Amino acid sequence: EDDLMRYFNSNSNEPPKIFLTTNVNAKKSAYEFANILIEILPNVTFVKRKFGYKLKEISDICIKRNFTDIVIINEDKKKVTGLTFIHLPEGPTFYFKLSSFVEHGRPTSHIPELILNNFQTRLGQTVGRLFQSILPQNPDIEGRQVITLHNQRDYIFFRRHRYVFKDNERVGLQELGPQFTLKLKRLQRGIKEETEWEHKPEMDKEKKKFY
Amino acid sequence: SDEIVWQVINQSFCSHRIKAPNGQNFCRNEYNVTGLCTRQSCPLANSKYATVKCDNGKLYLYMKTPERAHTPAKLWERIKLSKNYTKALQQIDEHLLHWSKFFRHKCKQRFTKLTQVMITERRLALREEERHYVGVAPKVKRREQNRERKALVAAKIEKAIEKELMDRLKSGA
Amino acid sequence: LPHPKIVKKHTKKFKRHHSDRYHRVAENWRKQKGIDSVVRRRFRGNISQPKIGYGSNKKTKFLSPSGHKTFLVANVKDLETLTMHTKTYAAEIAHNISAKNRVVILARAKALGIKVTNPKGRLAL
Amino acid sequence: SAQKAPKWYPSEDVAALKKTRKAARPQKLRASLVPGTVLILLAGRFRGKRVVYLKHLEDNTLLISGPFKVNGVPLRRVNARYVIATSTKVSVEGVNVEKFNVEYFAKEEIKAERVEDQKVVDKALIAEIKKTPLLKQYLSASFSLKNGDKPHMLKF
Amino acid sequence: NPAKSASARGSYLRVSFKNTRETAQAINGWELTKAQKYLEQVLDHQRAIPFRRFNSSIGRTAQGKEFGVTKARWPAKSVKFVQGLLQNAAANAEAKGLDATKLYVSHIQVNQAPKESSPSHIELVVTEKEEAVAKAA
RNA sequence: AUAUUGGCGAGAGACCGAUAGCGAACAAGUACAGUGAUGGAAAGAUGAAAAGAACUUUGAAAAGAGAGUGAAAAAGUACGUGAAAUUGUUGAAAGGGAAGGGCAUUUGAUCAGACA
Numbered sequence: 078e079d080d081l082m083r084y085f086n087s088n089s090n091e092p093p094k095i096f097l098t099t100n101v102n103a104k105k106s107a108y109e110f111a112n113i114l115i116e117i118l119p120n121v122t123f124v125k126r127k128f129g130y131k132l133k134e135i136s137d138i139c140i141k142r143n144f145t146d147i148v149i150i151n152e153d154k155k156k157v158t159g160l161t162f163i164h165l166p167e168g169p170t171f172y173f174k175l176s177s178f179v180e187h188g189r190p191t192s193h194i195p196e197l198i199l200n201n202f203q204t205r206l207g208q209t210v211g212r213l214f215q216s217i218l219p220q221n222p223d224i225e226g227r228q229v230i231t232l233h234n235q236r237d238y239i240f241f242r243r244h245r246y247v248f249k250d251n252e253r254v255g256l257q258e259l260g261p262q263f264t265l266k267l268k269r270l271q272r273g274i275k276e277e278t279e280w281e282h283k284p285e286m287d288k289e290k291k292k293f294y
Numbered sequence: 002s003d004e005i006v007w008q009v010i011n012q013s014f015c016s017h018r019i020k021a022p023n024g025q026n027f028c029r030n031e032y033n034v035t036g037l038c039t040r041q042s043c044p045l046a047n048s049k050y051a052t053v054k055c056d057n058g059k060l061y062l063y064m065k066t067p068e069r070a071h072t073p074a075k076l077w078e079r080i081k082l083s084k085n086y087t088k089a090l091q092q093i094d095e096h097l098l099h100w101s102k103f104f105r106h107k108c109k110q111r112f113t114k115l116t117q118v119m120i121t122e123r124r125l126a127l128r129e130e131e132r133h134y135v136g137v138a139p140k141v142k143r144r145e146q147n148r149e150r151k152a153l154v155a156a157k158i159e160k161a162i163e164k165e166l167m168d169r170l171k172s173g174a
Numbered sequence: 004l005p006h007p008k009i010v011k012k013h014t015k016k017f018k019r020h021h022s023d024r025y026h027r028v029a030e031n032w033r034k035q036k037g038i039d040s041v042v043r044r045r046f047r048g049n050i051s052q053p054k055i056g057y058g059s060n061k062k063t064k065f066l067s068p069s070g071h072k073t074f075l076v077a078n079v080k081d082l083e084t085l086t087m088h089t090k091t092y093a094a095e096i097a098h099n100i101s102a103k104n105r106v107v108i109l110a111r112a113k114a115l116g117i118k119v120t121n122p123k124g125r126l127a128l
Numbered sequence: 002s003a004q005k006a007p008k009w010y011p012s013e014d015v016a017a018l019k020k021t022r023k024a025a026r027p028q029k030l031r032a033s034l035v036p037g038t039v040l041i042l043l044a045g046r047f048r049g050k051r052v053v054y055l056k057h058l059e060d061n062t063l064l065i066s067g068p069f070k071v072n073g074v075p076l077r078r079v080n081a082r083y084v085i086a087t088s089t090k091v092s093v094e095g096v097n098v099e100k101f102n103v104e105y106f107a108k109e129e130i131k132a133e134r135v136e137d138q139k140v141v142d143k144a145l146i147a148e149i150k151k152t153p154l155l156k157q158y159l160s161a162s163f164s165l166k167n168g169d170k171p172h173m174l175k176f
Numbered sequence: 010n011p012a013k014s015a016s017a018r019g020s021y022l023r024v025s026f027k028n029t030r031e032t033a034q035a036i037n038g039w040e041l042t043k044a045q046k047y048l049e050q051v052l053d054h055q056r057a058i059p060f061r062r063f064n065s066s067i068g069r070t071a072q073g074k075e076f077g078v079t080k081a082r083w084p085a086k087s088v089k090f091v092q093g094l095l096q097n098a099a100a101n102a103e104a105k106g107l108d109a110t111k112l113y114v115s116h117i118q119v120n121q122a123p124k140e141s142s143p144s145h146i147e148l149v150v151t152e153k154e155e156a157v158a159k160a161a
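Residue numbers (PDB author numbering), protein chains in the order written: chain x, 78 to 180, 187 to 294; chain 3, 2 to 174; chain e, 4 to 128; chain E, 2 to 109, 129 to 176; chain P, 10 to 124, 140 to 161.
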């Protein structure tokens, strides 16, 4: 539980270095997408991935270079489609699906504050755990930037905003940063060897549950 | 005979032809050398017919003798073709002694391509690919469209943040 | 396979006369049968007609830009016909083939080295 | 089927090329290109530059130097047609240009050997440029076309 | 954003279509409080609706100078249907829990209905006008 | 033995597939028109199962927005699929007494492979 918090996920002890790579032979939109993750994630290095070094051979490099997490974005066609967060030692790994990206905010260099919604389910709070870990644990209050991760279904929406406080019990906020929708898949448990959940269409049949 | 077999399948049906838009004709009778079909390049019209095939990794060269026109059960006599390329082309040559120069270099040619089909192993040793083709069934395409549009409506993200900023900064005053 | 450079002679579509004027007249070509038509008597400034002079080069006829003749394929047994003719013909997976079977045909065509003209057909992730 | 297979098939056997009677002959350059001539380049990195002409190469190029000490043009290969050849000539006989060839320029920061070879050539060439007045100033400056210049009339 | 929106719709409404088109586009892109006040003024002949497309034999008036049009009319019945919908959309917004003051009609659309009669469908979608922003060095 | 476009009752089709096939697949010889003899239409399909939308809110109400049912309301009795004419909205572009068309290109939009 508390032992888990540290052993599988990154805590407020180090700066977490995130090895941002891309699926082989990707085009403009993937790097355009990498430029949006270059801002939001704490200490990203972009690695141009040049054919070979299967997966374990990568892990050997990021042990030596001493990274914490791997993130890989993929493209079937000209649109971005899938996002894969892996933790480098042990390997709790989360796969995701993007069906929304639309682009007037233009943010500062100040580091954004986190907020999460509706993770009653234990599988939900293990994903909430990932985004608590992978995003910065700095929040500088001033600069007034908020990153959300709302999950009212099995769909998770992340957005950025600017909050203005008036003393009459109300707060205003403007749209900023990338529009986004994610879907959880897999939880491969080993680096890529094992599964814990792996979405099927055998769900959607229930119309409920919500993991 | 065989001229009568040819004319009756040239027109009047060879019921395994593919008419390509190029006007080309392809016999899919598994035992032909050229995938295309023409006179004595398709294995029914011709009576003497050689071919290279593969059943496993073992590349055999099948051979059809006019002796066996009576019995279709044992038509194609077959011989294994070692595995090294140089001795195999030499192995080929001896079988094709005193035949048409058609089957001479064309079985040599079948063997060539089918050996460089064993570039499959090259693709399958250095596989380790993190992609794999996924179908997009149009039912799922709407279970994951019309439920996201129903999610956002019931989500009320603004009100959720408006709550959990006031509820935060009252307790963190 | 070594081919000449492709010269098309007429890149444009031979649209029917007054197909753009009226909606009931289809864009599909028909010859103006009437004796007093200025199209039939091929006047200056009137639409060009299909005639045999526009015939494509025989060595580069039916060829896609890559110098390949397109060949429709439904399944593995029909794809296996183009084993010997890899640099002449290229596979075209038929429109009605399911997403389950397209992955079978694409993997098999990769193995034999036969070129598929239409990948990404029903290959959504 | 779905396209019944054709009766005739075109042959798979690749045809051997017919014997070509096209024998390569060495390039006959124009008379204005004599080894040791002040050139003006037209296209490339060094457009509008005055340049010393040194050697005719094997791949129909021409080997030329600035010198690099004067105008910033090193030992370059150049095309014959991309070049203006003026009448002014410097002596070239004292330069050891004979060493390098086509194989010297194979590409597949800057190599030190290239800088050393440059300085060896450039010393033996300034040895001649220093003689005639203002020629070093003429090499340093860039060629252009002023308003009213007719290249068909400008006897270069 | 569907979260920042409310929408009313009237269907198979026995109104003149050609009048409804004009009074719909007259009110398009306006703040809700200004919009409802405007239609009250049209009812009392204070302001007139600018007629632009379906505008034959309309009496020329001075009140059209606001919109840069010579022709203008006071169509009581058509406006009556529209302010009924706007009152409905206002209550639809307060059902969801939107702000009333920052509300404006974004998409108002009117098209013909099955028929002789000449009935018409109307739909209008009201939206928040979101500003509320700050920065830090 | 032969005839048999009626009646009673079967069996069939290289026939038609809702502007076809009988006039009529259906409240069809019906609605209706004609003083009357007569003339005589149009009109098929929710879904596997009504599970035909409980409840909340807005409105005088029809209805609207939520919510729910269903595999799918992109199936809600105006219900299979839903073309074009014609219209609305949104985005781009053009427009000094016509427009659409051809040859060629700029510009803007958009797209195909090859680099497996």
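In this text, a Cβ means the ideal position worked out from N, Cα and C, and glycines have one as well.
Chain-ordered, the chain E residues with CB closer than 7 Å to the CB of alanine 77 (chain e) read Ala3.
For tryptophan 9 (chain E), no beta strand (DSSP E) encloses it, and the DSSP letter there is neither H nor E. Rounded to the nearest angstrom, the gap between the Cα atoms of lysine 159 (chain P) and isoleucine 117 (chain x) is 17 Å. Among the bridge pairs identified by DSSP, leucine 259 (chain x) is matched with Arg243 (chain x).
Relative to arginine 29 (chain 3), the option among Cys38 (chain 3), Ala21 (chain 3), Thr116 (chain 3) whose CA is nearest is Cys38 (chain 3). Along the region 145-169 of chain 3, going in chain order, the ones with a CB nearer than 9 Å to a CB of chain P are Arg150, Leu153, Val154, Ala156, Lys157, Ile158, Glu159, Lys160. The residue among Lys20 (chain E), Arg78 (chain E), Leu165 (chain E) with its C-alpha nearest the C-alpha of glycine 45 (chain E) is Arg78 (chain E). As the crow flies, the alpha-carbon of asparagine 31 (chain e) is around 9 Å from that of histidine 20 (chain e).
CA-to-CA, the gap between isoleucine 19 (chain 3) and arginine 111 (chain 3) works out to about 20 Å. Within chain e, no C-beta atom comes less than 7 Å from the C-beta of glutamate 129 (chain E); the nearest is roughly 41 Å away. In this structure, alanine 81 (chain P) lies near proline 59 (chain P), with their beta-carbon atoms less than 8 Å apart. When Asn100 (chain x), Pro119 (chain x), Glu196 (chain x) are compared, the shortest CA-CA separation from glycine 159 (chain x) is found for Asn100 (chain x). Contact between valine 247 (chain x) and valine 157 (chain P) holds, with the beta-carbon distance rounding to 7 Å and staying under 8 Å. The beta carbon of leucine 76 (chain 3) lies closer than 6 Å to those of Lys65, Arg69 in the same chain, with the five residues before and after it left out. Assignment of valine 140 (chain E) by DSSP, reduced to helix, strand and coil, places it in the helix class.
Burial is judged here by how many other beta carbons sit within 10 angstroms of a residue's own beta carbon; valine 141 (chain 3) has fewer than 16 and is exposed. The alpha-carbon separation between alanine 174 (chain 3) and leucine 166 (chain 3) amounts to approximately 11 Å.
Taking the beta carbon of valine 106 (chain e) as reference, the chain 3 residues within 8 Å of it are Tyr134, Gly136, listed in sequence order. DSSP places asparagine 57 (chain 3) outside both helix and strand once states are collapsed to three, so it counts as coil. Taking each of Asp287 (chain x), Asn251 (chain x), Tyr238 (chain x) in turn and checking the Cα distance to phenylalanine 263 (chain x), the smallest one comes out for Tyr238 (chain x).
Taking a Cβ-Cβ threshold of 7 Å, the residues of chain x close to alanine 127 (chain e) are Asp153, in chain order. From the beta-carbon of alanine 12 (chain P), the residues of chain 3 found nearer than 9 Å are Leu153, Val154, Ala156, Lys157, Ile158, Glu159, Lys160. Across the region 231-257 of chain x, CB contacts with chain P closer than 7 Å involve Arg245, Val247, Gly255, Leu256, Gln257, in sequence order along the chain. For the C-beta of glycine 24 (chain 3), the chain E residues within less than 8 Å are, from N- to C-terminus, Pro7.
For the C-beta of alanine 102 (chain e), the chain 3 residues within less than 9 Å are, from N- to C-terminus, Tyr134, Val135, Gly136, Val137, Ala138.
By the Cβ-count criterion, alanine 3 (chain E) is exposed, with fewer than 16 other Cβ atoms from all chains shown falling within 10 Å of its own Cβ. Distance check between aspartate 3 (chain 3) and each of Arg40 (chain 3), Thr35 (chain 3), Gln25 (chain 3) places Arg40 (chain 3) closest, using alpha-carbon atoms only.
Below the 7 Å Cβ cutoff, chain 3 contributes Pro22, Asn23 as neighbours of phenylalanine 65 (chain e), in chain order. Neighbours of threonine 158 (chain x) in chain e, taken as residues at a C-beta separation under 7 Å, are given in chain order as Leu128. Within chain 3, the residues whose beta carbon sits less than 8 Å from that of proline 284 (chain x) are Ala138, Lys140, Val141, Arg144, listed in sequence order. Within 10 angstroms of the beta-carbon of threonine 35 (chain 3) lie 16 or more other beta-carbons, which makes it buried.
Boundaries of the alpha helix (DSSP H) harbouring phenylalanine 69 (chain E): 69-72, taken from the DSSP string. When the alpha-carbon of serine 51 (chain e) is set against those of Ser59 (chain e), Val42 (chain e), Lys123 (chain e), the nearest one is in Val42 (chain e). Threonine 161 (chain x) and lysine 125 (chain x) have their alpha carbons spaced roughly 16 Å apart.
Separation of the CB atoms of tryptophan 83 (chain P) and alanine 44 (chain P) is rounded to 17 Å, and the pair is thereby denied contact status at 8 Å. Around the beta carbon of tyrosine 83 (chain E), a 10 Å sphere encloses fewer than 16 other beta carbons of the protein chains shown; the residue is thus reported as exposed.
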